[PDB]
Structure formats: structure tokens, C-alpha cells
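Single chain ahead, written as C-alpha cells, the form solved without this ligand.
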């Protein structure tokens, strides 16, 4: 950067009310001066002002459960419906019509690690990361699909990272040889980032030569699909169904055929998974009709009477019970519409402790569910699944005793032991350490374990291919 092109950037920033980002330029080495110049060149400060202004200077709801027509349930639907959804979703996989978008754009440090979350080792006997478990679920499902087609089935895995995790994520998959998946079918890409801002919308500085940034929220996924070329790559593959979820769910059923089959059967644009809210006081966001439109409402917005209300058609159960687990389905037609509305997704203010050179700051974030109320009711569906098979988020460092490595480890290992018992394996537990880790290359969802009938397994153990 010449003194001059530099001065132009400074003018742009200064005319935009963000000139303070150059306040320390005098005390910088030239390498540091370049890095600053290049990073500042990648944001439009006028764009930042507009988003900061909307978020800071912005412009009682009726709640009802989604229509019965739009909901199904692993626990409550007819098992014939469930079996048919399963077979139908597997046929879609075998057709090469199913893609996964993994939201791994997040922080991974809450755990004592500055590696991507997905690399985290929960202390399973196998020591596998989240990434590897998930890749193995993909590989086994592809194989399950191959005993239909008699042909290779491919579920491409579009792994959305942010700026900070992109290179460590690439290198992790590299070292693990893509966990036995074809390199062409694992596509790591980036969502956008934004500068973090003060309470007055001024860009925050991480260091004297570097702006503090954050990813633009999990709602940044829609725009990231276009910028990255991901959507057009799906187009070229003839993908028609897209499963999305967050990498922190250690139990995620990747590309779950039931979910795909259910949604495809209703011809929806978006579907969603939930788990059962069992007690009125649990603090979970719910998927429901807010103002006659599909939406997710934070628990703070659910008053006591609504929280406690029982389902009239099913009185043993809560009327509002669809606990959101950030686990979605989309049609490809839906992804083709992204240009028409991605500008309508608002940036929400997350107030945060952001360290910076002189809560104090804001991260601006689009929400993945903000497109739901823009979706016609009849183009939206929701399925309720069993938590103990489907949802175990890794959010806290050890010793918290909630959504942490130990809860995740026990959820997977108790699942392994259940599956083995249902197949007539005898799991013997001699001491506290409970459960058995079943490699997904052996069983995706509990199938394929007949071979264990009668055998005695000492818990803890690891059952691998």
C-alpha cells in the first residue's frame, strides 16, 4: 500500500465517522500497517453504519402451536408413517439428492480449547472428534443407501466456518484424510464477518493494527451459500434436499432419512426438528405460530399461563412443547429464492464483553430462523424427535454438569449400550464408567448389531468396524 491509496482508505473511513481505526498508525511497523490496510479494505464502513443504525435505532404477540397438519413425532406418529419416511428419505440419499450444510462457524474456546469446536475430543474411548463422528455417520448412511441403489451414494458436506476457524478446520480434515470420505465431497467455505462495534456503533479495535470481528450470525448462512458458490455447486450436483445443523450437537443424526423423507412428503420449503419440552419451567426457545406465522420464540417471551397450558387433544403433555434444536431441512427451490429476501434478515444486537484497545461492545448477528415467518404456513413442517437419540449439545467446559463433554460422552455411551441391548448383546458394567461407544461405521442408528446377539461386552468399551 502506497502512502496515497492508504490516505484514500483513511478518508473513506473518516468521512464515515470511523476514522479512529487509524489512530495508532504512527506507532506501527509496515507489515502491521499492511495487514490493517487489507482488513479495512474488506469492509464498507458506510455499510457498517447502516447495519449499526438499524440495529440500534430499530422500528403482545399471539402464540399458537403449529398446525397439526405440519407436525409429526418420532414418539407419537404412526410407526408405518415413520418407516415409510425412513425408506423415502434413504431413496433420496441413494439418488444423490441430499446435501448437508454444517454450521461450524462458531467459537470453540468455552471448553479450554482454541481449536474449532468440531475438533473437540469429549473423552470417548475412541477419542474421536465431533467432526469425525459426524463424517462417519455420513459414510455409513451412504453405505446403507447403497443397498438400495446397488451404487455409490454421495451426501456432500458443506462445512461452514468463519475467518478464524477456516484454516485450522482445513488442516484438521487434511490430517485425518477426510475421514474416509471423498475429498471432492467435503467443501469447506466461509460465512461473512462484521466488525464488532461500541454501543455507539464505532468499529472496535482488537489490536492497534487489527479490527475486532465476529461471524455475522448463523443467519449469515443464506448469503454465504451464494458468495461461496455453494448453492451453484449443489445445482450442478442436482441436490434437492438440504439438512442443516450446528456442529456442537454430538448426537446429530446427519442427513437423517426420516427427517428428509417427512419433509419431502409434505413438499415444504423448510422443516425443523424439535425435542419434547416436558416441564413448563424449562428454559427453551419454542417453534410455534407467532402472529399466525412459523417462528421460534425465546423462552423469556412465554408467560406463565402459556408455559403451563396442557395440550387439549393430548392432556398428559404441554400445549407448547416444541423445543428448538437448530436442526433444519430446506428444499433446493427454497435456496433458489435467497436473492429475494436475504436483505430482509435483520441484524440483532448481542451485547458482549469484547476486549479491545481504547459488556462494552456489540456483535451484529442474523438469525437462521428469521426467514421462518416469511415462509407460508403450508410450506413449513416440524418433527419432534427423541432427545436421548438426537440432541446432545457441547456448550460448556467440564465440571459444569450441563451440556458439556461429560453429558455428551454419557449421552453417546448410554445410546451405544441401549442399541447393543436391543439387539441382545449383554453389556456388563463392573464399575461406574457406564456405556459402550458404538462406532457409526458399525451402526448409524442402532441397525446392524445382530452379530452382537449373546456376546458379553465389559462396559466401558468401544465397538469399531
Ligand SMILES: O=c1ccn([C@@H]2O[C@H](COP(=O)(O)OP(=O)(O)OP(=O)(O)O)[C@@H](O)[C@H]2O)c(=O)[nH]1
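Only residues modelled in both forms are compared. Residue numbers count along the first chain shown, from 1. Take the two forms, superpose them, and find the largest set of C-alpha atoms that agree within 1.5 Å; that set is the rigid core.
Missing here is the form deposited with this ligand bound; even so, the following discussion is about that form.
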item: Which of 286-294, 376-384, 110-118, 233-241 sits within 4.5 Å of this ligand in the deposited complex, heavy atom basis; value: 110-118
item: Residue 323 within 4.5 Å of this ligand in the deposited complex, heavy atoms; value: no
item: Touches this ligand in the deposited complex: residue 191 (any heavy atom, 4.5 Å); value: yes
item: Distance check, residue 160 to this ligand in the deposited complex, heavy atom within 4.5 Å; value: yes
item: Heavy atom of residue 132 within 4.5 Å of this ligand in the deposited complex; value: no
item: Partner-contacting position among 218, 84, 149, 198 - heavy atom within 4.5 Å of this ligand in the deposited complex; value: 218
item: Selected contact from 124, 211, 101, 104, since only one has a non-hydrogen atom within 4.5 angstroms of this ligand in the deposited complex; value: 104
item: Out of 315, 112, 376, 123, the residue that alone shifts its CA by 2 Å or more between this form and the one not shown when the rigid core is the reference; value: 112
item: Residue pair residue 109, residue 175 - Cα distance in the deposited complex, closer or farther (3 Å or more); value: farther
item: Direction of the Cα shift between residue 128 and residue 109 in the deposited complex, where the change is 3 Å or more; value: farther
item: Residue ranges moving between this form and the one not shown (criterion: at least three consecutive CA positions shifted 2 angstroms or more, core aligned); value: 108-113
